[PDB]
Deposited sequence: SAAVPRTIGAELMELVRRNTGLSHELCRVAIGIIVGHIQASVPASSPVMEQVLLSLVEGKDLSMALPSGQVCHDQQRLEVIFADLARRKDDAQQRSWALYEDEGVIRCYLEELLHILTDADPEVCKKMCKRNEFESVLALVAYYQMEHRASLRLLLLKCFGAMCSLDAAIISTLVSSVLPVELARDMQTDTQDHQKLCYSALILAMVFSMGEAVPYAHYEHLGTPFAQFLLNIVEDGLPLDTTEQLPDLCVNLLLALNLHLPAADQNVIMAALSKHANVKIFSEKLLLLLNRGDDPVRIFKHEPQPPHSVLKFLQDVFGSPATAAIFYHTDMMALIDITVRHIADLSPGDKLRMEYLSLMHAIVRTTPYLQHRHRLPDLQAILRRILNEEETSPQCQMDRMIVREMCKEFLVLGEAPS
């Protein structure tokens, strides 16, 4: 059995059946496997073919598509043609070999990707823009370097501007919000050239969508998650654009409640992909920034304050020692007692004292419990 039977079979079935990568592997496994099963004494070859499983059509098609779309000439053609182009691009980025797509997108210093962005800036046909957004989302699922490239490019700027411009397009608005929530889910780079396009005004816009809404209701929570993605890598207290937007207008109860729910769930809505050096928790960091200053801490009403306190203390007392979340919740409490009148109400405090006493008396030899220990010892201020 040839040492490269696997990739050869994969390529052949791919090109001649139009099947997907995974489904090609599955088909090969089915045929070879059942042949091995039914016809005994055929196992030596079949098992080797199966072991082998563990230029191409897709590569050259990516070459042709990326080259043609970078020619913009695509603005002076029939919408159906470009539609087929972007459809094929999407299908390739979704169903072909991941390594091929990674290799092709990163060619000539991401020339193809950047050309696709520069093209997206000029294309105003909604269908083509939608397809382009989908393709970008497909690229984000490949590698984090492409995310860094896109967040370094002019794409987020054009997305924000398009969002504030074409508000009467719910679908493209949802997808734009999603792509934006994806490119800002890395938290790697901050270009202040985009801050001139995505500042406190854009934050006020998103918050206005969250609070008031548009004339399905699947754009409000996506705007929330977008605010989470944006505030993932912003400043701390006084130089934060979103926190500035919250400082200007603190009459946001719906958003605060949404944050209370998101904190109650515990899960991160911004953590979508699995890349190296994972970023911080969105909701926790957001609430930390909220209680990094009283003015932003005002967004939680008298009721929502006690509620949030209860949920936080609950998470602290429920999280076992060694968890990488308990430290963040303890930090949030330490910020809440420093930004809010916690001593005035003293709600959920008798249990909090027992929680601190139990946490400090933890004989855990772990480093995480140690960090939680120094944090808690710092929080012990009379």
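- Residues 1 to 3, 58 to 70, 88 to 95, 240 to 242, 410 to 418 of the deposited sequence have no C-alpha coordinates in the structure.
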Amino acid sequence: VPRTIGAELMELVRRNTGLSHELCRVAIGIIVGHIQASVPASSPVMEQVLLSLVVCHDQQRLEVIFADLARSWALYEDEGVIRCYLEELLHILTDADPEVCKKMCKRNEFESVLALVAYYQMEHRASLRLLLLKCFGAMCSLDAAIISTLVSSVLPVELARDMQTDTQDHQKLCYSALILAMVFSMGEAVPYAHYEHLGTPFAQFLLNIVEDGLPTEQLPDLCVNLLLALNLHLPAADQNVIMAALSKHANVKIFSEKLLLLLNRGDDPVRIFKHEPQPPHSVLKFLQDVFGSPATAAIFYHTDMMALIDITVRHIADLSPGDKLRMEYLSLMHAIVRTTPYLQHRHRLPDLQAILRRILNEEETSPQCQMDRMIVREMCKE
From here on, numbers count along this sequence of modelled residues.
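- Here 268 to 276 and 127 to 135 are compared by their mean Cα B-factor, and 268 to 276 comes out higher.
- For the segment pair 84 to 92 and 216 to 224, the entry gives 216 to 224 the higher mean B-factor, averaged over Cα atoms.
- Across the residues 337, 37, 28, 65, the deposited record lists the maximum Cα B factor for 337.
- For the set 208, 112, 282, 239, the maximum C-alpha B-factor listed in the entry falls on 239.
- In the PDB entry, a CA B factor belonging to the lowest third of its chain's modelled residues is recorded for residue 158.
- Looking at the C-alpha B-factors along this chain, the one for residue 331 belongs to the middle third.
- In the PDB entry, residue 69 places in the middle third of its chain by CA B-factor.
- When all modelled residues of the chain are sorted by CA temperature factor, residue 185 is found within the middle third.
- In the PDB entry, a CA B factor belonging to the highest third of its chain's modelled residues is recorded for residue 191.
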